[PDB]
Amino acid sequence: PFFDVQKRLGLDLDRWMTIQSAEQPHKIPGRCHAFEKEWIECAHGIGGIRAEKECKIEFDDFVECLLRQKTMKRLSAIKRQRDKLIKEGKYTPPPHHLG
Amino acid sequence: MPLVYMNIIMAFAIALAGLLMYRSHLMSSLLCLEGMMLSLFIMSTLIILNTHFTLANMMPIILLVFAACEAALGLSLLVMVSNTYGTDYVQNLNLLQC
Amino acid sequence: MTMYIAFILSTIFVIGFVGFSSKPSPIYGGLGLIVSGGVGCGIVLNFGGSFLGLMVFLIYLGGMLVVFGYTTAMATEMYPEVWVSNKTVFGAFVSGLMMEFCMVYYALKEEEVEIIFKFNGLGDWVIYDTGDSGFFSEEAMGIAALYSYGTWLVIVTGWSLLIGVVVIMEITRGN
Amino acid sequence: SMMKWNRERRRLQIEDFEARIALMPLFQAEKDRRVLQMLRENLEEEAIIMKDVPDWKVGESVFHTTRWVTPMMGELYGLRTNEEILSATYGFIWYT
Amino acid sequence: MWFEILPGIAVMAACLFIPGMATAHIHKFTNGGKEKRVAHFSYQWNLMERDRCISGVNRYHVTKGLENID
Amino acid sequence: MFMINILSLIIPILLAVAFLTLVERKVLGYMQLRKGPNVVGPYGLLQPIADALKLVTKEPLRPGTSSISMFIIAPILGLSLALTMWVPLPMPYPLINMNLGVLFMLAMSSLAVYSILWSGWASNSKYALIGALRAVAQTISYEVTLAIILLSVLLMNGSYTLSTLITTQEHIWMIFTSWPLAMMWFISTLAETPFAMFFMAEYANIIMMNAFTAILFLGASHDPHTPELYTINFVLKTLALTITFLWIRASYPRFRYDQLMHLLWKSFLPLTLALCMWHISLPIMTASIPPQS
Amino acid sequence: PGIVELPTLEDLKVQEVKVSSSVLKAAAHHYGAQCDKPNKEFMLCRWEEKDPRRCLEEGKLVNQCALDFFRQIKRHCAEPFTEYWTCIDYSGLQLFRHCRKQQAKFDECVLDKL
Amino acid sequence: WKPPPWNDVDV
Amino acid sequence: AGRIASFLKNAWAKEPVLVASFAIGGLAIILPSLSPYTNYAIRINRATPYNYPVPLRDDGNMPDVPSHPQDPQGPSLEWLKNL
Amino acid sequence: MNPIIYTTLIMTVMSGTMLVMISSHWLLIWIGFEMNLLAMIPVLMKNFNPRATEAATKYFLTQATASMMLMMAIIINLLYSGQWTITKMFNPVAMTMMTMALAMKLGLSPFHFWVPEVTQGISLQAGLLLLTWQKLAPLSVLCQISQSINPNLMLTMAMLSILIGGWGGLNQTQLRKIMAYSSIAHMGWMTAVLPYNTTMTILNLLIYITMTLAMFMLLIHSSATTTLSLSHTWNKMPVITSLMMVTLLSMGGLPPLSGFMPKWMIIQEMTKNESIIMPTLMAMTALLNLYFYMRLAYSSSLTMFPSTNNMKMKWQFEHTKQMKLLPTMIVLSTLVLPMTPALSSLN
Amino acid sequence: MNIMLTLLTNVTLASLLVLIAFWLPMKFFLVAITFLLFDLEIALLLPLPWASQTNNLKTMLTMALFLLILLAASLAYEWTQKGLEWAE
Ligand SMILES: CCCCCCCCCCCCCCCCCC(=O)OC[C@H](COP(=O)([O-])OCC[N+](C)(C)C)OC(=O)CCCCCCCCCCCCCCCCC
Ligand SMILES: CCCCCCCCCCCCCCCCCC(=O)OC[C@H](COP(=O)(O)OCCN)OC(=O)CCCCCCCCCCCCCCCCC
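Residues numbered from 1 in each chain as written, not as in the entry; some residues may be left out. Chains lettered and ligands numbered in written order. Part of a larger assembly, values for the part shown. Heavy atoms only, no water.

Judging from the entry metadata, cryo-EM is the method by which this structure was determined, and 3.6 Å is the reported resolution.

So this is what it looks like as structure tokens:
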């Protein structure tokens, strides 16, 4: 905040919801709670300039969990070759894949 | 980022472009206005539910209940500009030339 | 395949927006918007947004858009215009279809286009998790916390609504 | 009358919840085996399908950290009958 | 006389009655005895999927009691 | 066979929509010393068939200044709505046990205003324009009393799951705890409710409103084994309400608009707020908050 | 970027309990009472280790004791078990409310037999 | 173009 | 005395509705912090276990927690039993 | 408007702005902007004349568009990082998206066509509110995200604003248009230094603020709406034109008249950042603002203008307004150049 | 699967019925805004049935009451300053 009045008087106005790893109702966890906890804990008391570069893998892994981007394309290329391989009869799915 | 996620994003872009150019009608301009918040309500809703942000589900309903304050004030301005000028036509809003 | 529920509702949402974004008759724009609002509920419902989705059907559909129908009926231009009245409306309609045709076909073929963002994306069914909500509906507990964890969001939301009342009557008063 | 009956329901609900609590751990072990079984099957298929690719060695850790990321629904089933995906993904949401 | 109303109300009462009876009876039928299990929360749903999986015939309503386990 | 269950509901409701009209005319008839339809078939049993097939043989004249597209989809929605809110009713076991059934009922029943709004606009007449304007404002005024009554009612229920209503009532009819709300609710239901369709649309709303009021305030005991007990009780309760619904149709001069708004916003809305305040603290007051699950 | 370690299929072989949900819920109350230590230590693994692969042997024990818990009730009053869970299974919510006498016909064995 | 008005006023 | 009694008589004569709604709201907003049941209401609310009671690592000197759900140690729900 | 209604209306406008400056959550920021818009419109619609209705409609459409355009930028930030705090945003598209949305609400870039017109239609008193108090909250947010700002976009916004601010003001006669075009030019001056130093932005804020009330409320006391109408002020109130001229001279930025203090420090701070073509251009075109500043100063006090016979009537009566805060605003906006090292107080 | 199937057949019978039907042979706007503002207030107080089962119920009672008090104030204001009275 520009004026951290909530910091002075010490009452929570908007910090209960500002991040997903807060005291959620009935302790229902966020999907990326484990990754956010590491990123926040890594980047504390360090400052924006230093933490943006230092705690980089924490942010990148948390971003991947949050966005589901890189491992999704891992799956995309999984199906890409599959359709490009079983179509000409190079391999057949096993019974458990068929159902 | 899934196909649908940016199906809303372009929908916002189309709604933004529709509001960013007026054809002849202020009501139609307003329609693109809360259309933009509809995608905005929609887009936020997928994010919060997908991420299991258990406490952010607050944000969508208050996004709607506050976009209404714009809308409610929105037409209420138009009813004023459409009772002096009579017509909601927006080309009659050029009386402030000088 | 009912797997088409992935994109079918989302692409209908786009054409719903192009319907009214192209500035048709204000009644017709309402029709285009409520249709998009109607299908927009489906995406939320298919994601688990029963309470949030039905609220759109309540205040956005049965509320907001109805009062738009009230204002538009009040305006009652001496000659209402139709979706065929201006070729620009059709021109935008064909245009809006073309961009979504380009995006969808590009999506279905190469899956790696680079418009604005990274785009990418298969059928949406992936992004869901494999956890369970136990006995508590995760959505319902989220909004029920409005009176528990959000006792400040409520004040500013409530105060503006009352101030929303005072402004509305102040500028429509007519002196 | 509603006061007495409502408390009776609350006593009923906690008893129902007590049954769920007393019976939850078996499914946690059962769901634990199921996802790990499904992952192992997926990797085993991966070790049969994908060799011609230049460098796509099996079981790469997408996440840098050596933790256990909860398996996202896609690669969990993924290579299954489209009915299985539809039932697993939407399922509960559509069962009504 | 005032009782001639009843033939009017009786048929529609049957017309209103049929939807209730049909829904209950088809529920007993398509679920084979036990009524259609209700899953208002993900816990009840994953319970049902466990029942369908454990049945071995892909029918949740098939139940295997003490005769199944060894 | 789930599809067969839909026809096992839509058609008999459609017939139920068809067949209480003879009940209406004969009740309204015998009320005013009259007889009602009794010459066409035994006691007018075939009177509904005497009008319906006549109506479908009548040519549907269309106004010259009428938008055909809206003029034909407004009844499409009107019938589609009128036969959709019958699906989540907890009648024995509902077709759809939506966990948010009450919300779904309200959102989709509040959508009926579009049909009348479009009908007035599409007709494009001075009568049709005001009549649509009057009807919609009367309607859009009255969900706020509808929503609050239902909201405040459901505090002592437990959730919006319509099936849970039966468990909540069980011991006593729920009117005994909210009878100030019942008259609050029942009156509001009266005012909220091509041309051949419009008979069907509002009319299913009339019975379903009373079916909705039946489960809400005057519940029954649903024996797990025998379901016929709830069927008879549900039908009998919703018949008594509907007879009352037509009992008042020919017993009062019709409301005038300025009073119609004055009645709600000055004598119904403020009292509805107080009852909602009474029924939000009372479960807390007596530690009788209900279980959602 | 790292081997995703996954136990082989051979270690993933348990004597899976082949019982429905209704029978599980009918005996759930007595299940938790007499078989807490298997479940209690297993889920402590699940919450302390926070890794499914790290908790497998305890996964063996919980099912094994479940079978050990499901054998005596077969040996003693299997028939009262049938009537109780065949009435529990009827309820769409598995309502314990409309099962009282059959519940009494269940626990009076384990009160004196077990 | 014309200068604005001085008082800004334009059953 | 004279003003208030006349005023309520002035109110309750022409209109009974607003005075009814003002009264009903009046009790509904005062009575909350009067009865000894709102403490009961929050206690049964806390009693209802949604998530699992995850166990603690036993290492000695915590007589509060039990070693068995049948043990007398820990919270007792008997207060709600008669409630 | 009933004074109690008007007072509470102003009160929530300040509260809406105040909420913006004290809210960490991004959503609360959009709420504060929403409340500010929600109550700004009725203040403009106080006179109830068609120009006011025109101005309010223009102001609402551009502000509401930027408000929800702002909301879209926050969601993208949520989409790419799952955060809600105002520290440094995590998506380059969202950076530009919100920079556009925030900037339009200040009226500096091509997103400024409302500013001259919206202040023109509405009354002078409400104009003071629009060009002073409604310009802190968007600036407050911009200072908070100055770390992640894109210099290439932001400085292009500054150049255009100063260029359009001077050029537009040269051709206007309605002194309300003069003030808005001057305000836009000042806005470009402050807005150029956020990537470099937020503290210098603040100092430019207070000096520009105090200067605007000094000019606006002096205009209120003179009760003038055109340059010609301002000309007659010399006959009735010769004193008012005397301070009004010195305020115009300071508004140009001629030392030792304070108002050169921000321009001086802004040039110095960018010069430390090896940016030296940029300070020169804005400084050179800052003289454009001086031309219509002198032009207004010329026909108010420097040269007397033909008065009117009825003006003799005005001499007999006296002003009733107590012109609160007018005197100390003039002095604080005309003599505080020697007290420049107070820059440390802002940090 | 089940939901839209019920919707699809519902409109289809609505479609077949109408198809054979036509082939075989300031005040009004004012309250409409007040209803809009009221209706959005309705949505704010809708999640109450779940909110009644929170652990911070003490702060719920004041907050949930606050809406109804404040919502009633909007009605009370709108009534007093002419307004809500049916305008002409
Ligand atoms: C501890 C107790 C807590 C709770 C206490 C609650 C307060 C005490 C009881 C209050 C009165 C009863 C509840 C509210 C009733 C309505 C209040 C009201 O505004 O009345 C005056 C209202 C308005 O009367 P009015 O307009 O003449 O006068 C109102 C007051 N002024 C003049 C200031 C506006 O009455 C009506 O609206 C008349 C009826 C209109 C509808 C026509 C059909 C009526 C059919 C009646 C028979 C069928 C009934 C079916 C009931 C349900 C069956 C399932
Ligand atoms: C930085 C560079 C300079 C920048 C500023 C330049 C200012 C001058 C030029 C301004 C530009 C426009 C040209 C001049 C226009 C003047 C118009 C005007 O109003 O002139 C007439 C006016 C009439 O004044 P009047 O109301 O008659 O009051 C006289 C005093 N009783 O005249 C007046 O109102 C003038 C009144 C003068 C009053 C000054 C009082 C000074 C008191 C000093 C006290 C000193 C005490 C010392 C103590 C020492 C020991 C401690």
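Participant: Help me understand the overall build of chain C in this model?
Facilitator: Helix and strand counts for chain C stand at six helices and zero strands. Beginning at the N terminus, the succession of helices and strands in chain C can be written as α-α-α-α-α-α. A compact globule built from 175 residues would reach a C-alpha radius of gyration of about 16 Å, whereas chain C, at 21 Å, exceeds it by more than 25%. Here the C-alpha coordinates of chain C stretch approximately 60 × 55 × 30 Å along the principal axes. (Helix = DSSP H or I, 4+ residues; strand = E, 2+ residues; numbered from the N terminus. Rg over C-alpha atoms; globule rule 2.2 N^0.38 Å.)

Participant: I keep staring at the overall build of chain F and nothing clicks. Help me out?
Facilitator: Counting secondary structure elements, chain F contains 13 helices and zero strands. Secondary structure elements of chain F, listed N to C terminal, follow the sequence α-α-α-α-α-α-α-α-α-α-α-α-α. In terms of overall size, chain F behaves like a compact globule, its C-alpha atoms giving a radius of gyration of 20 Å where 293 residues would be expected to give roughly 19 Å. On the principal axes, the C-alpha backbone points of chain F span a range of 65 × 45 × 45 Å. Residues classed as buried in chain F amount to 63% of the 293 residues present. Averaging the locations of the 14 positively and 10 negatively charged side chains of chain F gives two centres separated by 14 Å. (Buried < 20%, exposed > 50% of the residue type's maximum accessible area, 1.4 Å probe, protein only. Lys, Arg positive; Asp, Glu negative; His and termini not counted. Charge placed at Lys NZ, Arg CZ, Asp CG, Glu CD.)

Participant: What should I look at first to understand the environment of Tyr181 of chain J in this one?
Facilitator: Residue and element names in this part refer to chain J. By the element assignment, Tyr181 lies in helix α9 (residues 175-191). According to the relative accessible area criterion, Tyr181 is buried, its value standing at 14%. Sequence-wise, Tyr181 and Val115 are 66 residues apart; in three dimensions their C-alpha atoms are separated by 8.0 Å. Those residues in contact with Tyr181 that sit more than four places away from it in its chain are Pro116, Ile164, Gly165, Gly168, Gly169 and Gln172. (Contact = heavy atoms within 4.5 Å.)

Participant: Just to check I follow, could you spell out the nonpolar core for this structure?
Facilitator: Within the largest apolar cluster, 411 residues are counted, with the highest numbers of intra-cluster contacts made by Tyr60 of chain C, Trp86 of chain F together with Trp26 and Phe60 of chain J. Per element, the largest residue contribution to this core is 20 residues, and it comes from helix α3 (residues 58-84) of chain B. Setting aside residues up to four positions removed in sequence, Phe60 of chain J forms contacts with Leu30, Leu33, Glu70, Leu73, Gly74 and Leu77 of chain B together with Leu37, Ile41 and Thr65 of chain J. If you look at the next biggest cluster of nonpolar residues, it comprises 41 residues, including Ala26, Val62, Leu67 and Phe81 of chain G. (Core = buried A, V, L, I, M, F, W, Y, C linked by side-chain atoms within 4.5 Å.)

Participant: Please clarify how the site of ligand 2 should be interpreted in this entry.
Facilitator: Residues and elements named next belong to chain J. The environment of ligand 2 is formed by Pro238, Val239, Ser242, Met245, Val246 and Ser301. At a separation of 3.1 Å, an oxygen atom of ligand 2 approaches a polar backbone atom of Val239. It is helix α13 (residues 238-252) that provides the largest number of residues to the shell around ligand 2, a total of five residues. Classifying every residue of the shell around ligand 2 by side-chain character gives four nonpolar, two polar and no charged. (Near = heavy atom within 4 Å. Polar contact = N/O pair within 3.5 Å; in protein donor to acceptor, adjacent residues only side chain to side chain. Nonpolar A, V, L, I, M, F, W, Y, C, P; charged D, E, K, R; others polar.)

Participant: Would you mind showing me how to read the interface of chain K and chain I here?
Facilitator: Frequently, the measure chosen for interface size is the accessible area that the parts lose on association. With 10 residues of chain K at the contact, the number on the chain I side is 10 residues. Here chain K and chain I share an interface that buries about 780 Å² over both sides, 57% of which is from carbon and sulfur atoms. Looking at the side of chain K facing chain I, the largest losses of area belong to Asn55, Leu57 and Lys58 of chain K, adding up to 49% of the total buried there. Of the residues contributing to the side of chain K that touches chain I, the split by class is five nonpolar, four polar and one charged. (Buried area = accessible area lost by both parts, 1.4 Å probe.)

Participant: Hey, could you run me through the interface of chain C and chain B in this one?
Facilitator: Contact with chain C, which involves 66 residues of that partner, is made by 59 residues of chain B. Summed over both sides, the interface of chain C with chain B buries roughly 5500 Å², with 82% coming from carbon and sulfur. Applying the counting rule to chain C against chain B returns zero salt bridges. On the surface where chain C and chain B come into contact, there are seven residue pairs in polar contact. Only α1 (5-21), α2 (26-46), α3 (50-75), α4 (87-109), α5 (138-144) and α6 (153-172) of chain C provide two or more residues apiece to the side of chain C that touches chain B. Of the residues contributing to the side of chain C that touches chain B, the split by class is 38 nonpolar, 21 polar and seven charged. (Salt bridge = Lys/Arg side-chain N within 4 Å of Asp/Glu carboxyl O.)

Participant: Explain empty space enclosed by the protein to me, please; I cannot follow it from the model alone.
Facilitator: Which parts of space are left empty comes out when a probe the size of a water molecule is rolled across the atoms. Computed from the structure, the largest cavity encloses a volume of approximately 140 Å³. Around the largest cavity, the lining is made up of 13 residues, and of these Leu58 of chain C, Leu103, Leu106 and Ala147 of chain F together with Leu46 of chain K lie nearest the centre. Those elements that provide at least two residues to the lining of the largest cavity are α4 (101-109) and α7 (143-154) of chain F together with α2 (27-44) of chain K. Here the lining of the largest cavity gets four residues from one element, more than from any other, and that element is α7 of chain F. When grouped by side-chain class, the residues that make up the lining of the largest cavity number 10 nonpolar, one polar and two charged. (1 Å grid on protein atoms, 1.4 Å probe; cavity = no way out; pocket = protein on both sides within 12 Å on 5 of 7 lines; lining within 4 Å. Points joined across faces, edges and corners; volume = space filled by probe spheres on them.)

Participant: How do you make sense of the packing of helix α2 (residues 26-51) of chain B against α3 of chain B when you look at a structure like this?
Facilitator: How two helices pack is summed up by the angle between their axes together with the distance between the axes. Residue and element names in this part refer to chain B. Direction vectors running N to C along α2 and α3 enclose 175°, while the axes themselves pass 10 Å from each other. Taken together, the axes of α2 and α3 are roughly antiparallel relative to one another. Contacts between α2 and α3 involve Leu26, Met27, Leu30, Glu34, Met37, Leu40, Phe41, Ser44, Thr45 and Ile48 from the first element and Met59, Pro60, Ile61, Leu63, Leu64, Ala67, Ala71, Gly74, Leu75, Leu78 and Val81 from the second. (Axes fitted to C-alpha atoms, helices over the stretch in contact; angles between N-to-C directions. Parallel < 35°, antiparallel > 145°, perpendicular 65-115°, else oblique.)

Participant: Would you mind showing me how to read the site of ligand 1 here?
Facilitator: In the region of ligand 1, 17 residues are neighbours, and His262, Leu263, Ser267, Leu271 and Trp278 of chain F sit closest. Taking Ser267 of chain F, its main chain carries an N or O atom lying 3.0 Å from an oxygen atom of ligand 1. Here ligand 1, which alone exposes 1300 Å², has 58% of that area covered by the protein. Of all elements in the fold, only α9 (175-192), α12 (257-267) and α13 (269-285) of chain F together with α2 (17-30) of chain I reach the threshold of two or more residues within the shell around ligand 1. The biggest single contributor to the shell around ligand 1 is α9 of chain F, with seven residues. Considering only residue class, the shell around ligand 1 consists of 14 nonpolar, two polar and one charged. (Areas by Shrake-Rupley, 256 points an atom, 1.4 Å probe, with all protein chains shown as cover.)

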